[PDB]
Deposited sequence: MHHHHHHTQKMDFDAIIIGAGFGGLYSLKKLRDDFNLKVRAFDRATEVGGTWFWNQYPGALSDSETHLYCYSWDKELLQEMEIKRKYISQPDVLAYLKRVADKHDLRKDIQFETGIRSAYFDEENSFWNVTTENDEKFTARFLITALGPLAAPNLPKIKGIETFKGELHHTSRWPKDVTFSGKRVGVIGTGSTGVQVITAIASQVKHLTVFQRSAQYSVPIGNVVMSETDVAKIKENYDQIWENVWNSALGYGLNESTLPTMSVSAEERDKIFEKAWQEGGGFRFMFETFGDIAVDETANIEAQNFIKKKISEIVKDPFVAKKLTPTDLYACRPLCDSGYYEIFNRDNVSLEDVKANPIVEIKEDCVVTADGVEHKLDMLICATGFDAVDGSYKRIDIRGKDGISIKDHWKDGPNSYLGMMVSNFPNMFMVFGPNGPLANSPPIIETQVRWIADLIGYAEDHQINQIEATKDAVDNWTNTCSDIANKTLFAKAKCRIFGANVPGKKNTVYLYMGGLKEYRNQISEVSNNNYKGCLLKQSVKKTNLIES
């Protein structure tokens, strides 16, 4: 028996374990298929893996001693340094004794009599616990392409989610499929190392510089001397990225100054900065979003010297959501050993034993094929586990027509269930979101321990209201008429208030059963 069983040992699962065990004296056990904490930062070790958020903000805020002790080597933190930080979090607080590694979760069945969950691992072992917190993160199963001939490639085949150890690049003809944030980071990292690189681009996207400069002793001292300060701005901001969230409209100024505002954010770096520190209407106004696109379009023309390759790298969408961040991505295509292949116009139809064959018939002889093709949505991480709640209804049937939840943390028909970084959550930096949700969930379990209650459940009507206020805000933006499987877009501050409006009104919209 346990009070809580944690599924996941990443950012969410680690702080969920710390809170329930140490701050509430509960008997908790965490599980993970991995052999070490980290989550996506343990699984994804591809070349160039780097955070969207800056180093001083992509961490935990609750441990003040850790913040003053934290290493800040560069403006953004690389994957090995994130794993080391999360390893130190597990070390300093002795969490590892309460996680069982190499242990997946097959089924999670809610018992309607004693009001607890039946969690069966993949080792034919099951445990019982009143509460089941689920910290599976946003990334799910790796969406690999459906290409004829995938099995016949005799060379190295790697998807970025399962990047193996000891991969050498020199002297090899390497091909990369996918031009997302993962594909961009791999391409800039390896193009200088390979004999020839081939980029199979299905859809071009906008990418801004990241500016990952080294941090000086004075820079790190300026941050740590003012750390209580930086975090208060995070809870008061909408994105939690430490940005000067602008309200100035794009078209309410001269073209000479509009170019100055874009160029300043272009020089400082960051995808969210170029979109939300510049002006405050890029994500709502059609004219504003066009202006931001043309600045990146103009930038693409200046860097890519070949106009035909520059035309290939230019996105064709009428509306653009959040761009990517890069450390010299458009600069890569100026090299003698880099070839861009518009795969939307020249699709891959077959890959033979030693090459990739596009529709035009050209065989692209590769020694190694990297798959940076992304993953599935957040619901896939849940649909992959046999979660049966009330009536024995499985998580696949209740979410068969898209995911939904109440405050992004609880589902109807699934009582005693609390989701960390679940669907219908806020669009912001993940560590502030995870800290916000683990605090809200834990204090509700504390209210549960004190008032002698054994079953909490959200109503079907509350999750309908929550999905209505999510579409309420979303339809104010062009994120519907663009690339966009649902999100709350009111900001971190409004999200912190909304769940406080619930936890103050005696948890309105939640069923509370006594025994």
query	finding
Sequence order list of spans that the model leaves without C-alpha positions, deposited numbering	1-11, 496-508, 540-548
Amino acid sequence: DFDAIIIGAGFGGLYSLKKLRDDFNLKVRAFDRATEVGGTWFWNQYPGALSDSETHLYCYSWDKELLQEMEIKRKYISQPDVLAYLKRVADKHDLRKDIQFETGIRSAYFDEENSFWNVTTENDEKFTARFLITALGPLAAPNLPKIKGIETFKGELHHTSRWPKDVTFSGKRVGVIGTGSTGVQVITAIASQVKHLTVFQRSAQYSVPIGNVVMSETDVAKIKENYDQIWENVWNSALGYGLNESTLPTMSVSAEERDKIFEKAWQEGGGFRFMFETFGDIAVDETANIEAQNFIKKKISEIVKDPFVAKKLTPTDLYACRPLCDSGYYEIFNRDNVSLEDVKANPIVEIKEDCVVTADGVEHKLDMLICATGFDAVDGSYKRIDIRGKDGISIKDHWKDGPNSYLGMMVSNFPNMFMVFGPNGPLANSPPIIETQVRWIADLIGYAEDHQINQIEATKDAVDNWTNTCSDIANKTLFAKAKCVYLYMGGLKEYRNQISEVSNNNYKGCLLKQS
From here on, numbers count along this sequence of modelled residues.
| item | value |
| --- | --- |
| Mean C-alpha temperature factor, higher of 78-86 and 368-376 | 368-376 |
| Between 169-177 and 287-295 (mean CA B-factor, as deposited), the higher | 287-295 |
| Options 151, 71, 435, 331 - largest CA temperature factor per the record | 151 |
| Candidate residues 354, 277, 156, 386, the one whose C-alpha B factor the record puts highest | 386 |
| Cα B factor band for residue 64 (lowest, middle or highest third within the chain) | lowest |
| Position of residue 41 among the chain's modelled residues by C-alpha B-factor, lowest, middle or highest third | lowest |
| Modelled-residue ranking by C-alpha temperature factor, third containing residue 305 | middle |
| Chain thirds of CA B-factor: placement of residue 487 | highest |
| For residue 113, the third of its chain into which the C-alpha B factor falls | highest |
